[PDB]
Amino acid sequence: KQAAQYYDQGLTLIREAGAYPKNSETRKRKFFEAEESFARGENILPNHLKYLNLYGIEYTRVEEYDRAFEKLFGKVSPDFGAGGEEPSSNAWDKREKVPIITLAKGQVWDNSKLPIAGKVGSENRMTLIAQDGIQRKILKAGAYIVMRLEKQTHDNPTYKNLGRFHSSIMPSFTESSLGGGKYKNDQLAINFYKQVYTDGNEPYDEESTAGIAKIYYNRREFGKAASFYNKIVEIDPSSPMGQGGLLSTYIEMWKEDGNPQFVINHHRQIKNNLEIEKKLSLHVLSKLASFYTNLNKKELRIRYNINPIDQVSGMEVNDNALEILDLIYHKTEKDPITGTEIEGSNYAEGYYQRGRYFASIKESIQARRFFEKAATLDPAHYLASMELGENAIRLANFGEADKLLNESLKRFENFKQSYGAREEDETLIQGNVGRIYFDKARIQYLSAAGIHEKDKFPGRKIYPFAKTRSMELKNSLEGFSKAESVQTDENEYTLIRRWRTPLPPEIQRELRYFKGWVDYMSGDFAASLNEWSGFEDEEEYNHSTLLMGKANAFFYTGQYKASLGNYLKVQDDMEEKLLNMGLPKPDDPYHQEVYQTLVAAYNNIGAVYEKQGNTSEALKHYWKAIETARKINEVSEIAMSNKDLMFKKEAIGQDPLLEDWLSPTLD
């Protein structure tokens, strides 16, 4: 249609305006042009339900909720709950029931009674009355008004779009601090979806059931959300909306309890017996890729009694992620709401999930390429920018990493108010911005520990100091504090606060080690022991850097017996590793780690023996440290001094020297 051409032009102008900040000259200009195009299309085909609905959704997606409501519903004076001395229960944010509207007694529909600029209609226009008995003048004929009073019909896409509108989760839509809260009403949203089943004569409309389910999903009531998705599949099991909704819900429960039985077993049922894996949405498919990348695969058989390899598909759980990510790239998807299609080759979240998979399997060049693509396709994808910053940290490009991490911060602050307008926003909502603070503080920490862009051993052989090096470490602790302060920050938007996933164990472990290392290098050995004592059961008596740092601090606090235990354990581990390796190679960095640690443990074992009065085993162990060092073309000046000074001590209680260097990282 010619009207449809003007209507389409206005939808494009609304999408175009979305790339401009609110209150900007271009944003206002593009909306004015969109409404002029709408008026051209209205002068040809007025009261167009499809176009009234499309304008309402595009406006909603660009956070123009007043504009959206005048399109999806209309404008009445006085509006619901807005009239003088009119109860607040009638308002859009308080009412439960959908307004059952009829025109005034003895009144018929006339297009000339709509105050349009070109209409110039009479002073007597139209009046609608809802179950409240209040007479309201119709200023704008939106979709809901057009369907009930002009067409005298019940349009289900209209009811469903109203259900999606009133149930939106965007912070600008809900937070009163942003001007929102006016149209937020989940009870009223459920009641617009329920109108399809009865007045809309469609009792098993899956879009209405999935709409109600998504409302409970967003309230984190995954149990109720599961019932409604299961109600869709009780009727039609091949439904990608029902099965997809179930898979999405099981993934959220899995994040909460660590149990993958339901996600894995349901995905296999969906793939091998239903054959609807390809039919699942780009968003559901991306969540499943994320699941497979994050899953503990080595636990499955013993801990959860799940076969790590499929029976019908014959595929290990590490192959599932790539297959799913590949499916995303070649998939094309029509938007169920607007009808506009998305090519998987332009889907940013899919690329981000792909970069995460390649990062998980140590393909960092490949991972960098996909994170760069995600960040470009979506200027709001702050997690792709954070992962790019983390990749630059690994490569020792701290100046580039800082710049990327500041982009990550600006991306979060610039778009968070719209979180929830797209399904892809769940990734952004569920991310922790405290991780960006941890990464920034991890750069400030390495810079204080002498690690720079040229240190990409002996860079990790850092000795406890002397004056300025203890200063720049203690300042980096404030950055590690902001990182922890974010998860507990009650200042953030309700949506981000209730969905913000806490800092992962691997970062928490690094955080404890980093804090303890600053105490250790500053001479606060007791504080480092109190910090490192919290370390997990399996990692306490396992990591050699931790065992060494703890033993050094034990010696410095008089706990000679406790230190001996850790050094002896490290000695056994380093002598064990020595059987796997052959000839000592100084150029090789792994030989440098093993031999250098073994030198420290030998001398330190000798130091403990000296303190206990075992001159023989003290001298033997200093000699062991001296000879071990010579094997990698090195000298332990500390062990040479302990050996030469054994009976040449010049003060009472003069302790032997420790080879007390310590790696700034637990790698």
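In this text, residue numbers run from 1 along the sequence as written.
Counting only residues from the deposited sequence, how many are left out of the model between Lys456 and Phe457 (none, 1 to 3, 4 to 9, 10 or more)? Just 1 to 3 residues are missing between them.
Residues with no coordinates between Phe465 and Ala466, taken from the deposited sequence as a class: The entry has 4 to 9 unmodelled residues between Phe465 and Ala466.
Mean Cα B-factor comparison, 239-247 or 105-113, giving the higher one as deposited: Stretch with the greater average CA B-factor: 105-113.
Output the stretch having the higher mean C-alpha B factor in the entry; the candidates are 470-478 and 181-189. Per the deposited B-factors, the answer is 470-478.
Among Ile605, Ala68, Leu54, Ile44, where is the Cα B factor highest in this entry? Largest recorded C-alpha B-factor: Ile44.
Among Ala213, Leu383, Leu579, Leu405, single out the one with the highest C-alpha B factor in the record, please. Highest C-alpha B-factor among the listed residues goes to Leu579.
Ranking every modelled residue in this chain by its Cα temperature factor as given in the entry, which third contains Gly142? Within its chain, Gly142 is a middle-third residue by C-alpha B-factor, going by the deposited values.
Based on the deposited C-alpha B factors for this chain, I'd like to know if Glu58 is in the lowest, middle or highest third. Lowest third, going by the recorded CA B-factors of the chain.
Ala526 - Cα temperature factor, lowest/middle/highest third of chain: It belongs to the lowest third of the chain when residues are ordered by C-alpha B-factor.
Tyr304: which third of its chain by C-alpha temperature factor? Highest third of the chain for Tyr304's C-alpha B-factor.
Among all modelled residues of this chain, ranked by Cα B factor, put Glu634 in the bottom, middle or top third, i.e. lowest, middle or highest. Highest third.
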